[PDB]
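A single chain comes next, written as structure tokens; it is the form deposited without the partner chain.
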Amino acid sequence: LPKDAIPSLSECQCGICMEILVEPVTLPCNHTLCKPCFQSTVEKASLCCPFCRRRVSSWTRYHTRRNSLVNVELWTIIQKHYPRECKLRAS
């Protein structure tokens, strides 16, 4: 994704639930999913990436402790180009 370029809506949708990516969590494999999905599908379930099966339990501990699970740079980009979609999910 080029700089200041407009991302497709599709590139901004969580691949698990199809909703807009709210507070996206990018795993060390570089697959991304929304925090809600992360919290249900990974943090309290598999500790796998749901796309590729990468073990992620130690990764989770590390960033949990440091409040750095969220990919702040991608979150910023999603809020900028799809603000309305983000507020609708918050609601």
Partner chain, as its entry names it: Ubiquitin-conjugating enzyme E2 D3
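Residue numbers count along the first chain shown, from 1.
The form deposited with the partner chain bound exists for this protein as well; it is not shown, and the discussion that follows is about that form.
Residues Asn71, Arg84 and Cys86 are none of them found to lie within 4.5 Å of the partner chain in the bound PDB entry, as judged by heavy atom distances. For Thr41, a non-hydrogen atom is located within 4.5 Å of the partner chain in the bound PDB entry, even though that partner is not displayed. Contact check for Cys37: a non-hydrogen atom falls within 4.5 Å of the partner chain in the bound PDB entry.
Interface residue remark: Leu9 is not counted as part of the site for the partner chain in the bound PDB entry, having no heavy atom within 4.5 Å. Shown here without the partner chain, the chain has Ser40, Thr41, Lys44, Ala45, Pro50, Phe51, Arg53 in 38-53 lying with a heavy atom within 4.5 Å of that partner in the bound PDB entry.
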